[PDB]
Amino acid sequence: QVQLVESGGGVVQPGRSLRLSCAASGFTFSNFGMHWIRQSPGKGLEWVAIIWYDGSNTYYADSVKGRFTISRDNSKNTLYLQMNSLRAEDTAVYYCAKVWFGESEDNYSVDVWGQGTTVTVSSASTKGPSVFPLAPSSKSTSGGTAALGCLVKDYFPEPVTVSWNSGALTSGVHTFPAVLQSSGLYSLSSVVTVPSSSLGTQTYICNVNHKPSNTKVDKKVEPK
Amino acid sequence: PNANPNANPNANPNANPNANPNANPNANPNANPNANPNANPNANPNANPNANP
C-alpha cells in the first residue's frame, strides 16, 4: 500500500540547519501535493507547510514562515524540507503526509501520514546517564509485595533503554516516560514489584543502555 | 372601521426580534446575478494541489 519513510531527524544545536527527507512509495508521487506537519506535547498537532504537485505554490505556517523551505524531487520521488535558524520550540515529531484525491472545487487536506521523525533542538551536549538504585526497605513494603527500582538521571539526548536481569524480569516492571529538566537533561524512573520473601536473597540488577554514547551500566539494587 | 391616521407610526421596540421560521426558504430569482468586484481575489491555499488528472 501507500508508504512514507522520513529520514534526517536528530539532535541539532540552535542556529544550525537541517534537511529532512521523505521517501514515498505505493503511488505516483509526482501527481500529489504534500504536507509537512509537526506534533509536540506543548502545542499538539500543528501544520507546518504544503507544496503543490509541481512546486508552483507553497504555503507555510506563520510561526515558521521565512525560515523553512519545502521542495520535492519528482524524478526521485523524494520530498525535502530544509529548516534553517532552528529555535528550541521547533522540537517535535515531523510527519510528511499525502493530500487525498478529491473534486476540483473541494478543499483539501491529508489522508495518509508518514512514519514520523523526531527533531530535538537543544544546546545540550551528548551526556551519559547516572544510574542510582531505588533500594527497597520497610518503608517501601506493603504486605508480601515490595517495590524497588532504578533512577536514570541527567542524560542527553533521548532515548535510553532499561532492562532488568538482562531481560529475565518483565512481570511488574513500570518504566516511566522521561521528563525534560531545566538543565536540558532527561530523567526517569523504573520500578518493579517483587515478593517480599525474596528480598535480601534474590539479586536485582537494572541494565541501562544508551547506544548514541555506547553507555552500558549494570546497577545492583540492594536493601538497606 | 377605518385606519386611525394619527396612530403609532414608529417601530415597536418590543416586537419580534427572532427569525421567522416560516419565511421564504427558496432562492430569490431576481437577485444579484453579476460578479462581486470586492470578492476574494487571492488564491485559495486549500485548493486542489494535484493533477486533474
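Go through the residues of the stretch B:37-46 one by one and say whether even a single one is in contact with a strand residue (DSSP E or B) (Cβ under 6 Å, 6 or more places away or on another chain) and within 14 Å of chain A (Cβ to nearest Cβ).
yes
For residues that are hydroxyl-bearing (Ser, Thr, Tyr) and either in contact (Cβ under 8 Å) with a residue 60 or more places away in the chain or exposed (fewer than 14 other Cβ atoms within 10 Å of the Cβ) (or both), tally how many sit in the stretch A:22-39.
Counting residues in the stretch A:22-39 that are hydroxyl-bearing (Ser, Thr, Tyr) and either in contact (Cβ under 8 Å) with a residue 60 or more places away in the chain or exposed (fewer than 14 other Cβ atoms within 10 Å of the Cβ) (or both) gives 2.
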Among the listed residues A:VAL152, A:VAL194, A:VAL162, which satisfies the condition of being hydrophobic (A, V, I, L, M, F, W, C) and in contact with a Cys (Cβ under 8 Å, 6 or more places away or on another chain)?
A:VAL162
Specify the residue that is nearest to the other protein chains (Cβ to nearest Cβ); the eligible residues are those in the stretch A:66-105 that are surrounded by fewer than 19 Cβ atoms within 10 Å (Cβ to Cβ) and among the aliphatic types (A, V, I, L, M).
A:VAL93
How many of the residues in the stretch A:106-133 are under 17 Å from A:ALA49 (Cα atoms), of a type outside the set (S, T, N, Q) and at the interface with chain B (Cβ under 9 Å from one of its Cβ atoms)?
1
Only residues that are of a type outside the set (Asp, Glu) and more than 28 Å from the chain's Cα centre (by Cα): list them for the stretch A:33-55, please.
A:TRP52, A:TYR53, A:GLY55
Return only the number of the condition from (1) exposed (fewer than 10 other Cβ atoms within 10 Å of the Cβ); (2) within 14 Å of another protein chain (Cβ to nearest Cβ) that B:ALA23 does not satisfy.
(2)
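We place every Cβ from the backbone using ideal geometry, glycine too, and count neighbours over all the protein chains shown. None of the figures in this text is laboratory data; all of them are computed from the coordinates on show.
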